[PDB]
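Presented as structure tokens, the chain that follows is alone, the form deposited in one PDB entry.
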């Protein structure tokens, strides 16, 4: 019975954990061809917590289902400028488009995936210290766009461990 508030708070850990494990997965799948981002290795993590577990499962299942959203995110970000303002504008546009026709778990994973790709792009183009900002983009968007409320209604982030 996680409240909307609690779900909204949980998203920070879910996203950090998703980023960490997705990046570990990419390193496993790509080896030396994996895009480097040490920020994604050293971020705060609590692996055995529930939300740590959830982000990790979302990273594993996204490897399969998020493939097509990803391949585009990767093409369509190539053109983004590394300022905070461009980042935010681009984030808001894509995230709004993702949810225009409603919310489902696959689109939740897609948003996390987009956050991941956005954060990695801006880092590669020299904007350091911005991973926390993308996490904030995600947490806040999920809260104000009633994604947190939706999740809470499905049983909380813990409901994702079943996917």
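Residue numbers count along the first chain shown, from 1.
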Mean Cα B-factor comparison, 121-129 or 107-115, giving the higher one as deposited: 121-129
Stretch exceeding the other in mean C-alpha B-factor - 37-45, 65-73: 65-73
Chain-relative CA temperature factor third for residue 16: lowest
Third of chain Cα B-factors occupied by residue 84: middle
Entry-reported Cα temperature factor of residue 149, expressed as the chain third it lands in: middle
